[PDB]
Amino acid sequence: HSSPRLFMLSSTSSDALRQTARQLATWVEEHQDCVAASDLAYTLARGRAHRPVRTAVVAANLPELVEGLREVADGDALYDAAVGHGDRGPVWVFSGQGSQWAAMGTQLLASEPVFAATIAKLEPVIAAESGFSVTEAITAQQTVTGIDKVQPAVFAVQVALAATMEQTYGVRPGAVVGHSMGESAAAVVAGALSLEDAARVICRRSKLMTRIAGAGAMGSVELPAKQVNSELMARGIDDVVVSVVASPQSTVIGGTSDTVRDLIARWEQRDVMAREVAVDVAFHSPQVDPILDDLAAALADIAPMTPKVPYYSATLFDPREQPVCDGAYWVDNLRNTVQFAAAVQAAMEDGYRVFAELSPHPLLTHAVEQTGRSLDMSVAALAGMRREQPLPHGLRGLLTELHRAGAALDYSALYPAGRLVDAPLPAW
């Protein structure tokens, strides 16, 4: 086909990668009438051992590739080395609510058939459970609002992103990590729940949460949780608690609206980065207590399964423990502190270095980076999509970033067949 293709290139340094690009451009220019673009793309991806310093050039024809390669070769870009060794798959990070944006699903429904098929599977389930069209919600000209609509819509995008990455791009996750509602998508992707049961979990919990709207407020602070708890105790505050522990240096408090706003104002006056979070309930606090018995009863029929992928729990006291995703688990998930930093730390200690957030917009990439920095590790925290980002070739860009960062993937999904061509082989 004369469609744009992905040509992978790699070396040991930024200067050596430029020399590699120059050698390839000269060869492609001399053999363009003899080499099929598909064969060359296949050879570069499947017939070359990928070296630590990676890049990729997109091109529809061989003369377009020569321009792109010469642009690389002439440039002065610093290409970071891969943090993974093609040994482990990426860790999918499923964040909480707040990532939603207007018509967030439109481009992916048109460009990604597996994204569209996953939203089609969820459509009748979310309609029966929550009384609304999730396809209309993610394609509307106005951002989804109301906890009962936001959580199923964000969960739907999350799971459709994961399915596309595995089925279309051959990226099987090495592990999963969820944050609050993100754990429903993490459970589907890890095989702990069926897509339908996880949808029931997110639909039922968000419907019950509308009953407790206007309860209080939440706020993020760039202070470690032990320090935040010490300050609340010192001040005699029992109406505000540490609700989320996202990084060794980041914390989210939740409680009464006036005390939370006063605490944020006080931190700001000390030049401490504090921010109010848009919510009217303080989740992961005693404010959710009234709806927990009803939630346990709503989820009495959820059929949990043994996870097939490492699932780093932000609910359990041990993140390495494999969850029994029953109704009790989802009650604890809503009421207990989100121990996200602990879960990320455990995955990083176990050897995972490539994290990719499968969400409509990145909410926890800084949190992942902060944990890596505290462990003195070189990690990659990627974003699956960003608010208002054009996705003309679907998730192919995320695949390129996962490849560049060193995540283990199946090259036969993107490059299923071709002939190994006698393209240049550089020494190291």
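From 1 onward, residues are counted along the sequence shown.
- When 90 to 98 is weighed against 316 to 324, 316 to 324 comes out higher, by mean CA B-factor as recorded in the entry.
- Legend: mean Cα B-factor per stretch from the PDB entry, 77 to 85 versus 354 to 362; the higher mean is in 77 to 85.
- Comparing the C-alpha B-factors of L62, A41, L395, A383 in the entry, the top value falls on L62.
- Take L109, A153, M165, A300 and read off each C-alpha B-factor from the entry; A300 has the highest.
- Ranked by C-alpha B-factor against the other modelled residues of its chain, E369 falls in the middle third.
- When the CA B factors of the chain's modelled residues are split into thirds, the value for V421 lands in the middle one.
- When the CA B factors of the chain's modelled residues are split into thirds, the value for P248 lands in the middle one.
- Sort the chain's modelled residues by C-alpha temperature factor and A413 lands in the middle third, per the entry.
- When the modelled residues of the chain are ordered by their C-alpha B factor, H179 lands in the lowest third.
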